[PDB]
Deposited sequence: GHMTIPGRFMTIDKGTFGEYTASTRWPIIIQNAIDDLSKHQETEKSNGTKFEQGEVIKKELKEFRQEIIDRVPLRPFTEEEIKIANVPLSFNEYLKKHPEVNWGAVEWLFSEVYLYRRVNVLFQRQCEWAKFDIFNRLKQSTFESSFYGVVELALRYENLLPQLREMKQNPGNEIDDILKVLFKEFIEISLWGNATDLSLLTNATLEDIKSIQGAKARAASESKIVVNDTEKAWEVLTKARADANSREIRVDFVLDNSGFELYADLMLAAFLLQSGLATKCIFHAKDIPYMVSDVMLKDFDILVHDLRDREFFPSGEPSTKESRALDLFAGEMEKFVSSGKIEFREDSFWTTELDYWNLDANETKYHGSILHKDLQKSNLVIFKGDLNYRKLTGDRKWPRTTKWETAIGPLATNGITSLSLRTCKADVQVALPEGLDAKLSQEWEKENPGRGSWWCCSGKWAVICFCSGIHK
């Protein structure tokens, strides 16, 4: 909040995608939760404590949706709620500093995080529902529909595995693979089959492979992939220190999580990493965002021949899915892959609080540990919003400026972000004008929303020094 620090995007900022999100998408998400709760009830006993508790949650969700529609003031969490649902104290502190804010004129970042907190308090109050994930039906459904791409990537892992081992025993072929797995991780479900369909080293190196990468990369308007490459290849070559730690601050479950696992597996098998740590959400959050249990659901899905019908176990497809699931379990057992959750990730705090200054809500604890990482990969749009504080930076703002203390407090970071929100920085001169003018043609009055569409992406690096 300094003189030259821009304000955060607000639900009241006229013509922004945040304004549209709050007035239009949020009541849909809550209504979807009511409907999914109804769908779940179909599959169980129609009376008793669990049933009644769920009817009450549905009523409360209905009223909550209407509160957002009526643009009422955001109420604090009661002491009872804080204790039963383990609500961080940060929310009530925020509301004291922002008295009487209402859904119609409130910071987009805080209110969105608050939304999922209010939803979770309803579930945590109800003992038969305290661990239920109201977004899980959707998470599973979306992943189920990714069958084709899932099998293609599993086949690729299995194919590459001997060559990755030889690489580890020693390449610009390794560089091509690095770009592929980074970009597949970046695009998540949106990954075009053109990238995935090349499942052998030969196909990846081929003209077809090159064209697929060039198509992906033409949409990545800031691309610091080479800087991260630099970091991991130098650490691998460094014979003084052996540990190479890579962290993943995660976004969505399912295919995006699968691709992050695939990137981790690739780094581990090639020697570009020796330990990968995954950071997940501790409550159902932003609809699809990974929780610890979503990893185990993914591994179970991979082996589930009703879920992913890869045919008899003997098929190549079934063998490849089973191999990857087994590799995951193996890496978790040996500690090459480790999953963690933390309440910090589901507070309203932006990542300028990933700093020694943040002594109340774990920011300083996480920061001290992340300093030890060779590379912290932040996935997705929400993490990017928290890196940049979700502020109205000019769209050419230097990346180091937008991330505040993260430019200088010893965390080496890489943001992989599909652009799905108004905030956008580090663009070349003139690019925002160019993309806006093209976008404006089919989206009148909304030219600036090119970076809200998910069609463009950025890959942004900072050494933290």
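Original post:
What residue ranges of the deposited sequence are absent from the coordinates?
Top reply: According to the deposited record, C-alpha coordinates are absent for 171-175, 471-472, which together make up the missing parts.
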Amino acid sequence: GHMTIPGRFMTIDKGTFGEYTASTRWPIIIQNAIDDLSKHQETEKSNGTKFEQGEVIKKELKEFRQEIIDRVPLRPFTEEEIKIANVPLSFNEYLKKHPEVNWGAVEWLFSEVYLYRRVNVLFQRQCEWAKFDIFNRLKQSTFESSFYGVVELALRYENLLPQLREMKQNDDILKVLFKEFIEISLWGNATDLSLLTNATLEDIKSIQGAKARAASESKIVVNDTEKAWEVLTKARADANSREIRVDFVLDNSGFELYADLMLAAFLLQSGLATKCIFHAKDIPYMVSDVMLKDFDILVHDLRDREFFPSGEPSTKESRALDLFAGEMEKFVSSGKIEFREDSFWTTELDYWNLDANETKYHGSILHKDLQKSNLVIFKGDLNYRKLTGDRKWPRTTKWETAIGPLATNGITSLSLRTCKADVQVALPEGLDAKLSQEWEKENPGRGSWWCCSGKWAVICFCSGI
From here on, numbers count along this sequence of modelled residues.
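Original post:
Comparing 81-89 with 255-263, which stretch shows the greater average C-alpha B-factor in the deposited entry?
Top reply: Result of the comparison: 81-89.
Subject >> 161-169 versus 348-356 - which carries the larger mean C-alpha B factor in the record >> reply: The deposited B-factors put 161-169 ahead on the C-alpha mean.
Subject >> Maximum C-alpha temperature factor, selected from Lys386, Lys139, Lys131, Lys293 >> reply: Answer for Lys386, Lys139, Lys131, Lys293: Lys131, with the highest C-alpha B-factor.
Original post:
Considering only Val119, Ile283, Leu95, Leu195, which residue's Cα atom bears the greatest B-factor as recorded?
Top reply: Largest recorded C-alpha B-factor: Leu195.
Original post:
If you rank every modelled residue in this chain by C-alpha B factor, which third holds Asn32: lowest, middle or highest?
Top reply: Its C-alpha B-factor belongs to the middle third of this chain's values.
Original post:
When the modelled residues of the chain are sorted by Cα temperature factor, does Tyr361 land in the lowest, middle or highest third?
Top reply: Its C-alpha B-factor belongs to the middle third of this chain's values.
Subject >> CA B-factor ranking of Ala228, expressed as a third of its chain >> reply: For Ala228, the deposited C-alpha B-factor lands in the lowest third.
Subject >> Ranked against its chain, the third holding the CA B-factor of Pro76 >> reply: Tercile = middle for this residue's CA B-factor.
Original post:
Taking the C-alpha B-factors as the PDB entry records them, is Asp422 in the lowest, middle or highest third of its chain?
Top reply: Bottom third by C-alpha B-factor.
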